[PDB]
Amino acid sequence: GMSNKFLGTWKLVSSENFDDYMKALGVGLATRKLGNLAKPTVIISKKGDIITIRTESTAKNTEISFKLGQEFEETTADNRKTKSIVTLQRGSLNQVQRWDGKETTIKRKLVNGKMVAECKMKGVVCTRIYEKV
């Protein structure tokens, strides 16, 4: 299953092409400002087979809880209502969000002790790197 190395508190130390990603998502202007400024902590935890990903920033949180492979309802930080699934592929924790006939993916993998999140929307690709705190 999910490597226990995902578990813990993660801090954003690098982000590339995130504005373009948000723009691809049709994110509102206020949300883009927030997104480009925020340097969130991501907390990954588990209770039995329920995995939780909590994202905390200065004055805004998001949280999802899920079982691998089981679709669930999600309200994203930019307020999309998506049907989402998190799966495990070759150690990569892969999230897909679907809404309005659209699709975006967030793939998280551990690389040299860091967590690398790759976001893709219509060929726009984001990379956000987290270090263990």
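Counting begins at 1, following the sequence as shown.
S.K.: Mean CA B-factor: is it higher for 69-77 or for 56-64?
M.R.: 56-64 has the higher mean C-alpha B-factor.
S.K.: Comparing average C-alpha B factors as deposited, tell me which of 80-88 and 31-39 sits higher.
M.R.: Comparing averages over the C-alpha atoms only gives 31-39.
S.K.: Looking at the temperature factor on the CA atom of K47, which third of the chain's modelled residues does it land in?
M.R.: According to the entry, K47 has a C-alpha B-factor in the chain's highest third.
S.K.: Ranked by Cα temperature factor within the chain, is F18 in the lowest third, the middle third or the highest third?
M.R.: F18: CA B-factor falls in the highest third of its chain.
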